[PDB]
Amino acid sequence: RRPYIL
Amino acid sequence: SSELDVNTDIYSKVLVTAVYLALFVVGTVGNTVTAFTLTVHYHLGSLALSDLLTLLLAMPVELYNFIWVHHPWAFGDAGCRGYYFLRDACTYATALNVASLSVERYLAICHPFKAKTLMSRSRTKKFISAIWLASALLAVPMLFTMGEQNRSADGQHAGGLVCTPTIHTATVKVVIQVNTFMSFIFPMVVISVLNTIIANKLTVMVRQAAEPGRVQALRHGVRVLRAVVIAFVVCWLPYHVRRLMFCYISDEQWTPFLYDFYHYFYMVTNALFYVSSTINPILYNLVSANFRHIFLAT
Ligand SMILES: COc1ccccc1C1CCN(c2nc(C3(F)CC3)nc3ccc(N(C)CCO)cc23)CC1
């Protein structure tokens with residue numbers, strides 16, 4: 001997983 | 001299907017919602033009344049307006065879709081870009097307003113005559129308008145970056161759309177590095193140096209004078225003048241370091257513990273980021289008694 005919320 | 005979700009606790013959601021609501025109710029009134037109260041006055045009003053715009057624009061959408069337990073975005077492709085563009089514009093506006101206010105106070109305290117000579121009222125209005133326009137111009141890049149994407153593995157899930165950067169990671173990384181450099185580092189250095197030299201000037205005032213309240217007034221003035229730098233650094237460093245951590249870290253370093261810690265640090269950093277919009281009127285009242293009286297009367 002890679003977070004998407006900047 | 002569930003690879004796109006965030007697992008922060010619902011209790012955390014409610015708690016951070018309460019904190020956000022408290023900050024919103026405090027800050028909206030705090031900035032609005034001072035803006036109504038109204039060449040340092042123009043800079044103070046511009047800073048209050050920028051803080052109010054930040055709190056009005058970033059808070060609701062962020063709390064709804066970003067700061068919550070739910071992943072799926074609902075502002076449409078145009079909204080994905082618009083929210084971030086307004087947020088960036090407001091952030092730059094706040095930083096530049098703080099830096100300009102520090103510069104104006106430096107000029108007024110240290111070089112009074114030429115300060116009015118070069119910073120007339122019309123000149124001040126033009127300068128603040130130019131600062132706002134520059135802040136808007138620096139936030140343009142976020143428009144074509146922060147789009148929507150069907151990140152779901154199937155590509156057509158019920159919540160595939162998410163507001164995430166679309167450009168290749170290198171350009172996102174470089175633009176956010178530029179954002180950190182121009183929104184934090186430069187205003188940080190300007191504010192720190194100017195406030196420190198002004199505080200030294202007030203300290204030499206105190207040393208030479210040595211009055212019932214004059215010494216007390218100067219001491220509290222320097223205290224607040226350095227607390228401004230302290231608050232700016234404390235509130236703004238976590239946000240920019242979170243963005244840099246989002247951009248810079250490699251795929252192999254990511255782990256579920258890191259993912260969840262990042263989504264907690266999001267809430268922490270955004271709370272600290274919003275604290276800035278509410279702190280300002282408190283210090284405005286703490287520093288000036290006449291301003292406090294007019295603020296209370298209004
Ligand atoms: C460096 O000033 C900054 C930078 C960033 C954010 C907030 C401030 C405030 C510091 C306190 N304050 C004032 N500071 C000073 C000093 F810089 C210590 C001399 N003299 C004032 C004189 C009047 C005044 N008003 C509230 C105007 C009311 O009509 C505020 C200040 C307003 C700016």
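Summary of conventions: residues on each chain are numbered from 1 in written sequence order, possibly unlike the entry numbering, and any residue without coordinates is omitted from what is shown. Chains carry letters from A onward and ligands carry numbers from 1 onward, assigned in written order. Excluding hydrogens and water, the side-chain values take into account all heavy atoms of the structure. Residues with missing side-chain atoms are left out of burial classes, side-chain pairs and their counts.

Let us look at the packing of helix α2 (residues 40-66) of chain B against helix α5 (residues 121-138) of chain B. Axis angle and axis distance: for two packed helices, these are the angle between their axes and the distance between the axes, and together they describe the pair. All names here are of chain B. Note on definitions: angles span 0 to 180 degrees between N-to-C directions of axes, and those axes are lines fitted to C-alpha atoms, for helices only across the stretch in contact. Strands are runs of DSSP state E lasting at least 2 residues, helices are runs of H or I lasting at least 4, and numbering of each runs from the N terminus. Where α2 contacts α5, the axes come no closer than 10 Å and their chain directions differ by 25°. Taken together, the axis directions place α2 and α5 in an arrangement best described as roughly parallel. The crossing of α2 and α5 is right-handed. Contacts between α2 and α5 pair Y42, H43, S46, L49, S50 and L53 from the former with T124, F127, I128 and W132 from the latter. Each angle is binned into one of four classes, with values under 35 degrees roughly parallel, values over 145 roughly antiparallel, values of 65 to 115 roughly perpendicular, and all other values oblique. In a left-handed crossing the near helix is turned counterclockwise from the far helix by less than a right angle, and in a right-handed crossing that turn is clockwise. The contact rule is simple, with two residues in contact once any of their heavy atoms fall within 4.5 Å.

Right, let's get into α2(B). Taking 1.5 Å per residue as the helical rise, α2(B) with its 27 residues ought to reach 39 Å, and the 36 Å between its terminal C-alpha atoms agrees with that figure. At any given residue, the bend is defined as the angle formed between two axes, one fitted to the seven residues that end at that position and one fitted to the seven that begin there. Its maximal kink placed at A58(B), α2(B) deviates by approximately 30°, while the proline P60(B) follows within four residues. Multiplying one less than the number of residues by 1.5 Å gives the expected span of a helix.

A few words on the UniProt feature "transmembrane region" in chain B. Residue and element names in this part refer to chain B. UniProt positions are given in the numbering used here, feature names are shortened, and annotations may be inferred rather than shown by experiment. The positions that UniProt labels "transmembrane region" are, in the present scheme, residues 18-38, 42-61, 82-103, 124-144, 174-198, 224-245 and 264-284. Along residues 18-38 one finds 95% helix and 0% strand; the C-alpha atoms at either end are 30 Å apart. Annotated as 100% helix and 0% strand, the span residues 82-103 places its first and last C-alpha atoms 31 Å apart.

Now for the packing of aromatic side chains. Within 6.5 Å between ring centres, the rings of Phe, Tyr and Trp (the latter by its six-membered ring) count as paired, and their orientation is classed by plane angle as stacked under 30 degrees, edge-to-face over 60, tilted in between. Here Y20(B) and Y274(B) contribute two aromatic rings whose centre-to-centre distance is 5.2 Å and whose plane-to-plane angle is 75°, an arrangement assigned as edge-to-face. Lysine NZ or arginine CZ positioned within 6 Å of the ring centre and within 35 degrees of the ring normal marks a charge as sitting over the ring. Over the aromatic face of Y259(B) sits the side chain of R1(A), whose NZ or CZ is 4.5 Å from the ring centroid. Here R2(A) stacks its cationic end above the ring of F246(B), 5.9 Å away from the centre of that ring.

Every contact between the two is made by six residues of chain A and, on the other side, 25 residues of chain B. Here the term charged refers only to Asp, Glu, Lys and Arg, the term nonpolar to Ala, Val, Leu, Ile, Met, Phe, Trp, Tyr, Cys and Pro, and the term polar to all other amino acids, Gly among them. Across the side of chain A that touches chain B, the residue classes tally to four nonpolar, no polar and two charged.

Turning our eyes to something else, we now look at the environment of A99(B). Residue and element names in this part refer to chain B. One can find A99 in helix α3 (residues 76-110). Distance from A99 to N195, taken between C-alpha atoms, is 9.9 Å for residues 96 residues apart in sequence. Dropping the residues within four chain positions of it, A99 is found in contact with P187, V190 and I191.

A word on unusual backbone geometry. Here the phi dihedral of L38(B) falls at roughly 60°; this positive angle occurs in a residue that is not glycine. Examined against the element boundaries, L38(B) turns out to sit in the loop between α1 (10-37) and α2.

Turning our eyes to something else, we now look at the packing of helix α8 (residues 214-248) of chain B against helix α9 (residues 256-287) of chain B. All names here are of chain B. At a minimum axis separation of 9 Å, α8 and α9 run at an interaxial angle of 160°. Overall, the two elements α8 and α9 adopt an arrangement that is roughly antiparallel. The chirality of how α8 crosses α9 is left-handed. In this structure, α8 contributes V224, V228, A231, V234, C235, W236, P238, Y239, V241, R242, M245 and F246 to the contact, and α9 contributes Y262, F265, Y266, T269, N270, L272, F273, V275, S276, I279, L283 and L286. Tallied by class, the residues present in the contact of α8 with α9 amount to 20 nonpolar, three polar and one charged.

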